Amino acid sequence: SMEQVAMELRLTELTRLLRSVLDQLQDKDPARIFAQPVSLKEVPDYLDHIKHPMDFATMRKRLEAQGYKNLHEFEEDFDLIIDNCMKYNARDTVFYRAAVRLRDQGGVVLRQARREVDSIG
Ligand code: NA
């Protein structure tokens with residue numbers, strides 16, 4: 001149907017917008033702390049601590065399968081990146097502080113993304 005097609009075109013345009021968002025977020029992480037999964041072969045106890053690991057590469061894979069139906073879903077995954085880091089690592093560490101800074105800077109990006117998604121429909 002043509003109604004199904006129109007829904008598909010909308011999902012594709014949201015995907016495009018969320019790609020630009022993901023690139024902007026990732027530019028706020030020049031050290032590439034959040035780029036890839038934590039290796040279970042180097043924080044071997046990681047999964048006893050953190051139940052739902054997340055990273056930017058994992059988000060990109062979901063994005064390319066048009067796997068985010070709305071901005072809220074994408075935001076949840078970004079918040080897992082930040083939140084997991086703030087739990088596993090202590091307040092005094094470079095990792096925790098990098099997560100605080102990424103959350104602050106990503107706030108700006110996400111705030112406009114919401115206005116654009118709302119505005120475009
Ligand atoms: Na902690």
# chains A, B, ... in the order shown; residues from 1 in each chain; ligands from 1
>>> residues_near_ligand(ligand="ligand 1", cutoff="6 Å", atoms="only C-alpha atoms and all ligand atoms", output="VMD selection string")
chain A and resid 87 to 90
>>> write_last_selection(atoms="C-alpha atoms", output="PDB file, in the first residue's frame")
ATOM      1  CA  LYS A  87      28.112   3.378  37.572  1.00  0.00           C
ATOM      2  CA  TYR A  88      31.130   1.227  36.756  1.00  0.00           C
ATOM      3  CA  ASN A  89      33.717   3.984  37.110  1.00  0.00           C
ATOM      4  CA  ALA A  90      34.326   6.132  40.223  1.00  0.00           C
TER       5      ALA A  90
END
>>> select_by_dssp(residues="range 11-43 of chain A", states="helix (DSSP H, G or I)", output="PyMOL selection string")
chain A and resi 11-27
>>> residues_around(residues="residue 83 in chain A", least_positions_apart="5", cutoff="10 Å", atoms="only C-alpha atoms", output="ChimeraX atom specification")
/A:50,53-54,77-78,88,96,99-100,103
>>> closest_residue(among="A:17, A:81, A:5, A:40", to="residue 113 in chain A", atoms="only C-alpha atoms")
A:17
